[PDB]
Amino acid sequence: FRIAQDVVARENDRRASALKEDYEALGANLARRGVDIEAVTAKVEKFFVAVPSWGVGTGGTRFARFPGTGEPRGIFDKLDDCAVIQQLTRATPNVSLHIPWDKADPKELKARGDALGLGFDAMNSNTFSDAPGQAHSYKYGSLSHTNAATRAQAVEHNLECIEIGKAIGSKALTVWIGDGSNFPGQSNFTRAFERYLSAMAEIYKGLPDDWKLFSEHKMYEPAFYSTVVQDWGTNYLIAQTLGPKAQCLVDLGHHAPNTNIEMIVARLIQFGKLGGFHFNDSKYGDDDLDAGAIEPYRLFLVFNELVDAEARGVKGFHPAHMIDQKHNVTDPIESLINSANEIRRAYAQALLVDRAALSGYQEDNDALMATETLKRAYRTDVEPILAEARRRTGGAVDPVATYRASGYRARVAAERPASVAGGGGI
């Protein structure tokens, strides 16, 4: 256990009294609303979201990076930190690896994971940056690059990612590339998309039978004029063209300003192409901020769609949920903890929606009562459920409070190399 159990038990006992009062109070309120609190907690305890290995290290912008103390040295240091997140929140049992950053002996990776009690989520290929010794540069693209040898190198890399993932227990490959252009005329939109499609097809053929291929759309950055996989429409065309094992990934901060993201989710669900999510929040662009920290209601509405589907028996439906954030000004572990918590919060509130009541108001065109039906669920403070879920599953009532109480950060800082501030770079 990365965090001493006596500290966890101690920090829980310290808050047990208040929790009992709040939980029983909320329990009575829900009962008056015809809702059994135990049924919600039982579901919340089972809700999981994968954490990004690259998320436990401090992030940065193109202007600078200000690392904290005890920055993780490599994937192994990172897994150790992800263990902390899972132990205290019990909501992040799986970690998502990124190659070549997390390149390591598949036997040692699987070894540490099992030891730390962590599983592995979808693999992540990297063809948006160049690595040492690389034969062809991805400066002008990768899977859609005009140079055939460059596309081939990109395809081979993605295939290597699948191999690594097969050796650690992953069951999916997520493909996000920066491919696009910064100038009108630089790229022929159609030709570039045709090339992307052809290369992706080669990756699909190399997909195991129980694997999923997720394509992630993004409006801009690193490309500032056009991006091959710029939105969900193009992403749908990709998934539909490649095959049934290919689905679409929806990263929250990857859409144009004012976009109705929850609608996109419902559409991809309708046509069976919602591969999963990349949770995070933002206000301006692809800010990659802590989930729910900026627009908590938006996060809830997205979950309202997921729960609605989760309700009206969409037999073939189990999207891969993942946190895709960058932490530039906070302890990465604390943010990921609260982000995972915020995600379960929105999930829990969505479960509180009186579906039958909502359907009625929708059918009646009672817009006011329909929206109020959602607000009644969203306004509910489900913190007692989240805390109780963690408590009875081996986690902490107040994850961050316990994290700080353990003094874990100062601990790893004394074990790891000191860091130095520098220029841009995530």
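Numbers follow the displayed sequence, beginning with 1.
Peer 1: Test of understanding: from the entry's C-alpha B-factors, which stretch has the higher mean, 164-172 or 322-330?
Peer 2: The deposited B-factors put 164-172 ahead on the C-alpha mean.
Peer 1: Comparing 344-352 with 240-248, which has the greater mean CA B-factor as deposited?
Peer 2: Of 240-248 and 344-352, the stretch with the higher C-alpha B-factor average is 240-248.
Peer 1: Given 38, 372, 366, 383, identify the residue with the highest C-alpha B factor in the PDB entry.
Peer 2: Spelled out: the listed residue with the top C-alpha B-factor is 38.
Peer 1: Determine which member of 51, 64, 30, 357 has the highest CA B-factor, using the values in the deposited entry.
Peer 2: Out of 51, 64, 30, 357, the record gives the largest C-alpha B-factor to 51.
Peer 1: Lowest, middle or highest third: which one holds residue 137 when the chain's residues are ordered by CA B-factor from the entry?
Peer 2: CA B-factor rank for residue 137: middle third.
Peer 1: Going by the recorded CA B-factors, say which third of the chain residue 379 sits in, lowest, middle or highest.
Peer 2: For residue 379, whose C-alpha B-factor we compare with every modelled residue in the chain, the answer is the lowest third.
Peer 1: Please place residue 227 in the lowest, middle or highest third of its chain according to the CA B-factor in the PDB entry.
Peer 2: CA B-factor rank for residue 227: lowest third.
Peer 1: Rank-wise, by C-alpha B-factor, drop residue 151 into the lowest, middle or highest third of its chain.
Peer 2: According to the entry, residue 151 has a C-alpha B-factor in the chain's lowest third.
Peer 1: Quick check for you: using the entry's CA B-factors within this chain, is residue 107 in the lowest, middle or highest third?
Peer 2: Tercile = highest for this residue's CA B-factor.
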